[PDB]
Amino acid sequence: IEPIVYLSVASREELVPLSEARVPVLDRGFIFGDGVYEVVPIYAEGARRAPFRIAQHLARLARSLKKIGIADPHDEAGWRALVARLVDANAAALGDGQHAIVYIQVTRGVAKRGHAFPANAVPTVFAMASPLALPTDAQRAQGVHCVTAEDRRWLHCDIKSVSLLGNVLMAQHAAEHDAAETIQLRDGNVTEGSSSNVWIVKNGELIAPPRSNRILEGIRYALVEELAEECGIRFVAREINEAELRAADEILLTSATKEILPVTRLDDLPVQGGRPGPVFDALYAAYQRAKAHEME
């Protein structure tokens, strides 16, 4: 069964098979990377599918839109209804028991090509629901490999934008090095991954960089704060320099698709003893409780 996607262009909307969904070539999403996006995890219990932290994802979408001057085309209820309809439309394509991600992209729309904002732009909206494969048993048990690289991205990383060539290059770098992610450093301090946030553990304390324009605030930033408090784990927001990263007791990744994931090799060297640590274990369990609590 083919995925069914949502597409609205020039205020004309459709729900159609993926193979039939096409955008005009002059959409500024295609020409200028002029748009923002969200990825929302959708968990299945049999035929029942429910989003996780969708209020917080939609609040970020609103922030990303405002940051680049695109008017938000739906209220929160409207976005929620759109996502629900899209997920429902994909019940057969996904199948019972199958988790999903909902991808939402909003661009400034179609106009004569010119860099400044076009007068009276109508935003384009694209949304898709596709299967989500969470990190496996094996990956949680063994942990994953990350490499490091210099952060050469722009300085508006607080916007979740589709101008993602810099992130694409870092993801490809990771893949070429048999790694799940590239941990970027700027001025010798950790920023983030190509599509995940980075945490370390040192002497029983959970540590993350402070919120800033070098780092996208993941929906998991607030969540993991909550989880650490629940678990009685001290959380410290603080710059992490390269030495501190390499000497960490644990290194963790978070994202919508990763949940929380232990990093047990860094640039081909084991992280401590090369196995996931107890803070990962506790936070991962707490994440699963949070999923059950908020959705069931």
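Quick note: we count residues from 1 along the sequence shown, nothing fancier.
Read off the CA B-factors in the entry, average them over 25 to 33 and over 239 to 247, and name the higher stretch. Result of the comparison: 239 to 247.
For the C-alpha atoms alone, is the average B factor greater in 195 to 203 or in 148 to 156, going by the entry? If you average the C-alpha B-factors of 148 to 156 and of 195 to 203, the larger mean comes out for 195 to 203.
From 53, 234, 60, 67, residue of greatest CA B-factor: That would be 234.
According to the Cα B-factor stored in this entry, which of the following is highest: 109, 166, 135, 209? Largest recorded C-alpha B-factor: 209.
C-alpha B factor of residue 113, ranked within the chain: lowest, middle or highest third? For residue 113, the deposited C-alpha B-factor lands in the highest third.
Within-chain third of residue 142 by Cα B-factor, per the entry: Highest third - that is where residue 142 ends up once the chain's C-alpha B-factors are sorted.
Lowest, middle or highest third: where is residue 89 by Cα B-factor in its chain? Its C-alpha B-factor belongs to the highest third of this chain's values.
Residue 121 - Cα temperature factor, lowest/middle/highest third of chain: Highest third - that is where residue 121 ends up once the chain's C-alpha B-factors are sorted.
In terms of the CA temperature factor given in the entry, to which third of its chain does residue 263 belong: lowest, middle or highest? Answer is middle: the recorded C-alpha B-factor places it there.
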